[PDB]
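Enquirer: After the structure tokens below, expect a handful of questions from me.
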Amino acid sequence: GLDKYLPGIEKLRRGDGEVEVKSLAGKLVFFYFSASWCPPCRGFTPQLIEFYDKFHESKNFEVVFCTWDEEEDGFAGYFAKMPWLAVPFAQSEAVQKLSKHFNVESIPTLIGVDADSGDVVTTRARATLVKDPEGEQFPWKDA
């Protein structure tokens with residue numbers, strides 16, 4: 001499923017260690033494209049954290065941070081403030097190619113895919129989440 005999006009990546013960052021991508025079986029996976037330098041990301045990130053804390057278990061999803069930062073040494077610091085997963089900084093090429101695959105032209109952007117099938121569920125969750133904090137229309141399926 002996720003192989004399409006992260007070709008040959010087996011592990012993702014979580015806190016100070018890693019998890020296997022296999023642990024995402026059955027979940028909806030949101031790729032969160034953001035960066036420490038991005039002005040609109042500052043206000044969006046805490047809204048996403050609130051939604052994640054409330055619903056990641058009950059609505060069975062995960063968030064994978066896909067960085068647009070180009071300084072590693074800030075990466076630790078920026079990801080440290082998030083509760084979810086991340087593509088490792090050294091796998092930035094995979095992030096860039098994923099950004100292109102999804103035609104991400106600006107950040108923040110939040111795209112949800114089904115882990116098992118790889119199917120795209122929503123490409124507009126950054127816009128829809130701010131208008132639906134209780135997730136009454138989650139997962140905001142694309143037409």
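Convention: chains lettered A, B, ... in structure tokens order; per-chain residue numbering from 1; ligands numbered from 1 as shown.
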Name the residues in contact with residue 120 of chain A at a cut-off of 9 Å, using only C-alpha atoms, excluding same-chain residues fewer than 3 positions from it; report them as a PyMOL selection string.
Expert: chain A and resi 111-114+117+123+141-142
Enquirer: Can you check which residues of segment 15-67 of chain A DSSP gives as alpha helix (DSSP H) on the backbone and send them as a VMD selection string?
Expert: chain A and resid 39 to 55
Enquirer: Find, counting only C-alpha atoms, the residue in A:66, A:115, A:12, A:127 that gets nearest to residue 98 of chain A.
Expert: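 Smallest separation from residue 98 of chain A among the options: A:66.
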Enquirer: Given only C-alpha atoms as the basis, pick out the residue of A:116, A:134, A:71, A:16 nearest to residue 52 of chain A.
Expert: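 Under the stated criterion, the closest residue is A:134.
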Enquirer: Give me, please, the distance in Å between atom CA of residue 57 of chain A and atom CA of residue 7 of chain A, quoted to one decimal.
Expert: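 Separation of atom CA of residue 57 of chain A and atom CA of residue 7 of chain A: 26.2 Å.
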Enquirer: List every residue of segment 4-124 of chain A that DSSP, applied to the backbone of this structure, assigns to strand (DSSP E or B), and report them as a count of residues only.
Expert: 33
Enquirer: By how many Å are atom CA of residue 102 of chain A and atom CA of residue 77 of chain A apart?
Expert: 26.3 Å
Enquirer: Atom CA of residue 131 of chain A and atom CA of residue 108 of chain A, how far apart in Å?
Expert: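 Going from atom CA of residue 108 of chain A over to atom CA of residue 131 of chain A covers 15.3 Å.
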Enquirer: What's the 9 Å shell around residue 79 of chain A, counting only C-alpha atoms, without same-chain residues fewer than 6 positions away, as a list in words?
Expert: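 Final neighbour list, sorted by chain and number: residues 15, 65, 67, 85 and 86 of chain A.
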Enquirer: Compile the contact shell of residue 129 of chain A as a list in words: residues with an atom at most 10 Å away, counting only C-alpha atoms, same-chain residues fewer than 3 positions apart removed.
Expert: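 With the cut-off at 10 Å, the set is residues 44, 47, 48, 51, 110, 124, 125, 126, 132, 133, 134, 135, 136, 137, 138, 139 and 140 of chain A.
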Enquirer: Find the residue from A:36, A:96, A:122, A:60 that sits nearest to residue 76 of chain A; use only C-alpha atoms when measuring.
Expert: A:36
Enquirer: Might you pull out every residue within 9 Å of residue 45 of chain A, with only C-alpha atoms counted and same-chain residues fewer than 3 positions away left off, and present them as a list in words?
Expert: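 Counting only C-alpha atoms, the residues come to residues 34, 40, 41, 42, 48, 49, 50, 82 and 108 of chain A.
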Enquirer: Keeping only C-alpha atoms, write those residues as a compact mmCIF listing (two decimals), in the first residue's frame.
Expert:
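Final file, result02.txt:
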```
# COMPACT_ATOMS: atom_id res chain seq x y z
CA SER A 34 5.20 21.36 6.56
CA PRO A 40 0.95 29.46 7.83
CA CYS A 41 2.27 26.16 9.19
CA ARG A 42 2.72 27.76 12.64
CA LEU A 48 -3.73 19.25 13.69
CA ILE A 49 -2.14 18.16 17.03
CA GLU A 50 -5.46 18.75 18.82
CA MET A 82 4.97 16.88 17.09
CA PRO A 108 0.85 23.31 4.94
```
